[PDB]
Amino acid sequence: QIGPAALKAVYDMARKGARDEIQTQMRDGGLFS
Amino acid sequence: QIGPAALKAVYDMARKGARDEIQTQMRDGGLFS
Amino acid sequence: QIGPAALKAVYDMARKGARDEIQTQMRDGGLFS
Amino acid sequence: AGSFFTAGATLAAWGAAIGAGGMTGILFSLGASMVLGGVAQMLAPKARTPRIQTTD
Amino acid sequence: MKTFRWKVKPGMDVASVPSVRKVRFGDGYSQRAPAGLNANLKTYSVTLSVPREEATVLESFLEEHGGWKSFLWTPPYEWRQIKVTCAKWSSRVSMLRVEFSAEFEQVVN
Amino acid sequence: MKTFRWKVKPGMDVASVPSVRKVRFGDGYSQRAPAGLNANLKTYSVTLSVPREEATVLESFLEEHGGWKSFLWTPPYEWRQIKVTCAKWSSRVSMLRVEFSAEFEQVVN
Amino acid sequence: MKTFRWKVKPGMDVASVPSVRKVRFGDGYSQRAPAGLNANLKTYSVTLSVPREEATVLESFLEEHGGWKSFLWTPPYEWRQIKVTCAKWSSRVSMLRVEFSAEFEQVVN
Amino acid sequence: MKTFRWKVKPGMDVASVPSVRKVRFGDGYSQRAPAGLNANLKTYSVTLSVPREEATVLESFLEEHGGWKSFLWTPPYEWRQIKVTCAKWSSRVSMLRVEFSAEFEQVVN
Amino acid sequence: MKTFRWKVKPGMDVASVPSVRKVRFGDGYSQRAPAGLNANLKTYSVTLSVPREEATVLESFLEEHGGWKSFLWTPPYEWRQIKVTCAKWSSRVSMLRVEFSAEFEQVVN
Amino acid sequence: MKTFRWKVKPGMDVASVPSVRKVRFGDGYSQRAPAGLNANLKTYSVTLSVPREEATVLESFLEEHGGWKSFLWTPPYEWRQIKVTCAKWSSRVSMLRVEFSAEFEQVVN
């Protein structure tokens, strides 16, 4: 795996994970992000 | 490395990083997440 | 790629992505994080 | 917090096998995450209070 | 059946790589601890060569255990009976003989 | 079509690698389970050599199933007919013959 | 021009690896579906040997198409005219001859 | 300095690999475009052998341009002068001769 | 047990790899520091050949220390006794002899 | 001590790979700039063969510098004295001679 192309994929997967975690925290217990 | 398991591991690591960043921003300066 | 060194890089990229997503959601529509 | 002990176990045998379908990685022990608000928060839900109003 | 009674070819590898607790930051002071109690359980890269007729019997033995269910075995290395487990045991079926490449990892339970 | 009639010359690779559930405890102890309910499936690394005129028939047979679908085959290893699927079947052309390399995977279905 | 009219060397690889839909969790019950309608479009690893003078014509032909613009070709494998596309076509320019290494992946449109 | 005068002995690699825009639709259909506007640039895997006294001149010539900048060269492949850039030029010294292995990349500039 | 008495036949590999702190500035300048305080430790890629009866003794010696712990050894390189640790010691069995391969890492401790 | 005064074996590699600033999006227009002032600082894969007695002296010289502390050296390539740094310098100790494999990267400061 070449680093330059993999870094963008890792960044975008991180963005997706952050969005999913934010939406999860807006639930009842959570943290309300 | 094989792409499937690597992508899953990256997703869980991203979720953990997002949770840590959210809990960090709830401190004094931060952004209050 | 040795896993021990790559995991820290993935964690830091995840932290950066989480911060970017949080700052993005504080815009007009968003979720206000 | 720093890749100081990711190489402490060296992760070599797991990394060379990326994981498995039988077993999962990245367990991320919830020790310090569940204790951030306090030990009393892990046992009780910390009842809330209304916002202070200047009209009062 | 609980005993591997077949014979292995001359060239067999034995890997040990024991499990220890290592603490060393950068290239400074280092500390080492024996970690667990059963430190090294070794690993034998066993190879066999058997006529085509006994290949079925050998694979029946290895298949019945099926990864779990360790069996007794006396390696020609230290001549002490141990308990081992196999998980791959690939095979190659030539015109008159078949060769088995298996990995025996020693266990305790 | 249902049955594979061609024959494998050189000595194939028959890989078992059963799936097990393994837990590694602390000082040398462990816990193992067979994970699944019906054995392991086992796969054959098969290679045919055929005249250039018959390679078209073999290609048609291997392409009709097309990755999915299963056909009967009696491996020259245990002589028990099994259901297999082929998914790659690379083929190399020569002056008068064609050499097929393929991976047959046994399937319950 | 729309037809590849050169001759290929004896050794040529033909890979198929068709496209199927596979559903299988762990090592349990598995289901396979044919996926698309044009299942496998194969791939031919073509090698050519041409004098240094005609290498210019061969590269002009392969370069005018330029990755897109599939062209007609009759492989010496099944003798049926198909439409193929090339994307690499590396070359080695020896003292008197040149060797072309190209990949022809067949298409539909 | 503009022109490359040294000569390539053994037979070089002339790689084209054009860039195309490819979309794969469902049941075997696709959509292809040439992506760019001016062809593919093509690269040469060049290798020189020179007397030990002339290697200094070759290295001075290859270092003056220093990765960037372009020089004229007429490849012994199509005999059309092109502008190229070299960025690695590994060199191996011996008793009486020095062997250079370099990668010349054609540039519009 | 403290001292290693067996002898190394073939010609080992003695790798130093000092650890330094290096900063690369802009137009060709840099800044280097020795990072640590006490030299570099160096590691030896050692191989033994032993009769099939003494292999058990060698294994017992290398297993008593078990990855951690250090033993004295005078390498046939500088003839200065040093403290070393071994952590892998792979071994290949043969008809009349056993060939050990190991990595001895020098330790201050 | 500040001058590597030993002799290197015939076959040694000299890699240059200069540092340039490249801007090119996709396969469109490209712009190249010389980047820094000391563009290419090369790298010499030096190999030595020395009797077992002088191996200690050579290793002491290489270890005292220890990664940092560049030293003066005249490569047999351009015969111009430069300042170089070594970082690995592995060694292999045969029955009568020892070979050194070192990497010399030249510096400015």
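Residues numbered from 1 in each chain as written, not as in the entry; some residues may be left out. Chains lettered and ligands numbered in written order. Part of a larger assembly, values for the part shown. Heavy atoms only, no water.

A. Structural context of the overall build of chain E. A count of helical and extended segments in chain E gives one helix and eight strands. If you list the helices and strands of chain E from N to C, you get β-β-β-β-α-β-β-β-β. For chain E, whose C-alpha radius of gyration is 18 Å, the value lies well above the compact-globule estimate of 13 Å for 109 residues. Its C-alpha atoms give chain E principal-axis dimensions of roughly 60 × 25 × 25 Å. The proportion of buried residues among the 109 residues of chain E is 40%. (Helix = DSSP H or I, 4+ residues; strand = E, 2+ residues; numbered from the N terminus. Rg over C-alpha atoms; globule rule 2.2 N^0.38 Å. Buried < 20%, exposed > 50% of the residue type's maximum accessible area, 1.4 Å probe, protein only.)

B. Highlighting the layout of surface pockets. Here the second largest pocket is characterised by a volume of approximately 820 Å³. If you list the elements that add at least two residues to the lining of the second largest pocket, you get α1 (3-25) of chain A together with α1 (3-25) of chain B. Within the lining of the second largest pocket, the residues separate by chemical class into ten nonpolar, nine polar and six charged. (1 Å grid on protein atoms, 1.4 Å probe; cavity = no way out; pocket = protein on both sides within 12 Å on 5 of 7 lines; lining within 4 Å. Points joined across faces, edges and corners; volume = space filled by probe spheres on them. Nonpolar A, V, L, I, M, F, W, Y, C, P; charged D, E, K, R; others polar.)

C. Focus on the interface of chain E and chain F. Counting residues at the interface gives 30 residues for chain E, matched by 25 residues for chain F. The contact between chain E and chain F buries some 2,100 Å² in all, and 45% of this surface belongs to carbon and sulfur atoms. When the area that chain E buries against chain F is broken down by residue, the three leading residues are E:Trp68, E:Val93 and E:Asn109, summing to 24%. Run the count over chain E and chain F and you get four salt bridges. Applying the counting criterion to the chain E and chain F interface returns nine residue pairs in polar contact. Secondary structure elements with two or more residues in the side of chain E that touches chain F: α1 (52-65), β7 (90-93) and β8 (97-106) of chain E. Ranked by residue count, the leading element in the side of chain E that touches chain F is α1(E), at five residues. Across the side of chain E that touches chain F, the residue classes break down as twelve nonpolar, eleven polar and seven charged. Across two bridges, the pairing between β7(E) and strand β1 (residues 13-15) of chain F is antiparallel. Bridged to E:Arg92 within β1(F) is F:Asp13. (Contact = heavy atoms within 4.5 Å. Buried area = accessible area lost by both parts, 1.4 Å probe. Salt bridge = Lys/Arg side-chain N within 4 Å of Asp/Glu carboxyl O. Polar contact = N/O pair within 3.5 Å; in protein donor to acceptor, adjacent residues only side chain to side chain. Pairing = 2+ DSSP bridges.)

D. Main features of the relation of the copies chain B and chain C. For the pair chain B and chain C, the relating rotation is 120°, the translation along its axis is 0.0 Å, and the fit reaches an RMSD of 0.2 Å. Such a combination of rotation and displacement between the chain copies is what one expects of a three-fold axis. (Least-squares fit on C-alpha atoms.)

E. Fine view of the packing of aromatic side chains. All chains considered together, the criterion is met by 56 aromatic pairs over all chains. Ring centres 4.9 Å apart and planes at 50° place the aromatic pair J:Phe4 and J:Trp6 in the tilted group. Judged by relative accessible area, J:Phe4 falls into the buried class, the value being 5%. In this structure J:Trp6 comes out as buried when scored by relative accessible area, which is 13%. Taken together, the ring pairs connect E:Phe4, E:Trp6, E:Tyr44, E:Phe61, E:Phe71, E:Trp73 and E:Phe104 into an aromatic cluster. Geometry around D:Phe28 places B:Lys16 over its ring, the cationic atom sitting 5.7 Å from the centre. One cation-aromatic arrangement involves F:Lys69 over F:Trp68; the distance from NZ or CZ to the ring centre is 5.3 Å. (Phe/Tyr/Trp six-rings, centres within 6.5 Å; stacked < 30°, edge-to-face > 60°. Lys NZ or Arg CZ within 6 Å of the ring centre and 35° of its normal.)

F. Main features of the interface of chain B and chain C. Facing the 13 residues of chain B at the interface are 13 residues of chain C. Taken together, both faces of the contact between chain B and chain C bury some 1,100 Å²; the carbon and sulfur share is 73%. Among the residues of chain B in contact with chain C, B:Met13, B:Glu21 and B:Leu31 are the three that bury the most area, contributing 50% of the side total. Where chain B touches chain C, the interface holds two salt bridges. B:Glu21 is the partner of C:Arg15 in a salt bridge, and the nearest nitrogen-oxygen pair spans 2.4 Å.

G. Highlighting the side chain of H:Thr85. Examined against the element boundaries, H:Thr85 turns out to sit in strand β6 (residues 82-86). A relative accessible area of 7% means that H:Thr85 is categorised as buried.

H. Seen up close, helix α1 (residues 55-65) of chain I. Residues and elements named next belong to chain I. Every buried residue of α1 is listed here: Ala-55, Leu-58, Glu-59, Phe-61, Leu-62 and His-65. The buried residues of α1 all sit within an arc of 160° when viewed along its axis, so they share a single face. Backbone geometry just downstream of α1 places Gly-66 in the positive-phi region, at approximately 60°. (Arc of directions from axis to C-beta.)

I. Quick peek at the packing of α1(A) against α1(B). The N-to-C vectors of α1(A) and α1(B) enclose an angle of 55°; their axes lie 8 Å apart at closest approach. On the basis of their axis angle, the class for α1(A) and α1(B) is oblique. Seen along the crossing, α1(A) lies across α1(B) with a hand that is right-handed. Contacts between α1(A) and α1(B) pair A:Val10, A:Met13, A:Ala14, A:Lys16, A:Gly17, A:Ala18, A:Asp20, A:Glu21, A:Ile22, A:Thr24 and A:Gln25 from the former with B:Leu7, B:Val10, B:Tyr11, B:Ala14, B:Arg15, B:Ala18, B:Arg19 and B:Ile22 from the latter. Here the contact of α1(A) with α1(B) is composed, by residue class, of eleven nonpolar, three polar and five charged. (Axes fitted to C-alpha atoms, helices over the stretch in contact; angles between N-to-C directions. Parallel < 35°, antiparallel > 145°, perpendicular 65-115°, else oblique. Left-handed = near helix turned anticlockwise from the far one by under 90°.)

J. Geometry of the nonpolar core. E:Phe104, F:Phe104, G:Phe104, H:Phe104, I:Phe104 and J:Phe104 are the most contacted members of the largest nonpolar core, which has 149 residues in total. The contact partners of H:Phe104, leaving out residues within four places of it in the chain, are H:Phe4, H:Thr43, H:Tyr44, H:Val46, H:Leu62, H:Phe71, H:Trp73, H:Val84, H:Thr85 and H:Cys86. Within the second largest apolar cluster, nine residues are counted, among which are A:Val10, A:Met13, B:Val10 and C:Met13. (Core = buried A, V, L, I, M, F, W, Y, C linked by side-chain atoms within 4.5 Å.)

K. View of α1(E). All names here are of chain E. Considered for burial, the residues of α1 that qualify are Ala-55, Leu-58, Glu-59, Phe-61, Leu-62 and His-65. Viewed end-on, α1 has its buried residues packed into an arc of 155°, placing them on one side of the element. Looking at the buried residues of α1, the elements they touch are β4 (43-51), β5 (71-73), β6 (82-86), β7 and β8. Looking one or two residues beyond α1, the residue adopting positive phi is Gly-66, at roughly 60°.

L. Examining a nonpolar patch on the surface more closely. Residues D:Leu30, D:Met34, D:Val35, D:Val39, D:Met42 and D:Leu43 make up a contiguous nonpolar surface patch of about 590 Å² in total accessible area. Its place among the elements puts D:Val39 in the segment after α1 (12-15). (Patch = residues over 30% accessible without salt bridge, like charges linked within 9 Å, V, L, I, M, F, W, Y side chains within 5 Å. Areas by Shrake-Rupley, 256 points an atom, 1.4 Å probe, with all protein chains shown as cover.)

M. Structural context of the relation of the copies chain E and chain F. When chain E is fitted onto chain F, the two copies agree to an RMSD of 1.2 Å after a turn of 62° and an axial shift of 0.3 Å. Interpreted geometrically, this transformation is the action of a six-fold axis.

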